[PDB]
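K.L.:
got an experimental structure here, sequence first:
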Amino acid sequence: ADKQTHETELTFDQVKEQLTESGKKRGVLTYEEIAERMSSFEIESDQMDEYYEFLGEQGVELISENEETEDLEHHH
């Protein structure tokens, strides 16, 4: 719950919360779209794993990116 800035620059926490919400809506998240936003920070795969576990527990399946179509009924 560590708030983002007014410039829409988010924190690791906020990005976590973004991705969380997105995954919660979809039921899925590709690993690299998750990594994408975390590229603003320095997040290793180890730390990512912790987030993946988190997401999984909330209700988000993490797919790769080379696959995706269960959620592809939305343009955006």
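P.N.:
Looks like it came in fine. Residues are numbered from 1 along each chain as shown.
K.L.:
contacts and neighbour counts: CA atoms only from here.
P.N.:
Noted.
K.L.:
give me phi/psi at the residue positioned nearest the centre of the chain?
P.N.:
A centroid search over the chain (C-alpha atoms, centre = their mean) returns residue 19, at 3.2 Å, as the residue closest to the centre. Phi and psi for residue 19, reported as degrees, to the nearest 10, are phi -60, psi -40.
K.L.:
could you find the closest non-adjacent residue to it?
P.N.:
For residue 19, ignoring the flanking residues on the chain, the nearest one in space by C-alpha to C-alpha, 6 or more residues apart in numbering is residue 34 at 6.7 Å.
K.L.:
and the strands in the protein?
P.N.:
Here the chain has its strands, by DSSP state E, at 28-30, 61-63.
K.L.:
return the distance of the last one from the chain's centre.
P.N.:
This points to strand 61-63. Centroid separation for strand 61-63 versus its chain: 10 Å, with C-alpha atoms, centre = their mean, to the nearest Å.
K.L.:
same question for the first one.
P.N.:
How far strand 28-30 lies from its chain's middle: 7 Å, per C-alpha atoms, centre = their mean.
K.L.:
equivalent analysis for stretch 8-28, please.
P.N.:
Counting by C-alpha atoms, centre = their mean, stretch 8-28 comes out at 5 Å from the chain centroid.
K.L.:
picking up where we left off before, TSV for the strands of the chain, including distance to residue 43?
P.N.:
Converted to TSV, those look like this (distance: least, C-alpha to C-alpha, whole Å):
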stretch	distance to residue 43
strand 28-30	16
strand 61-63	17
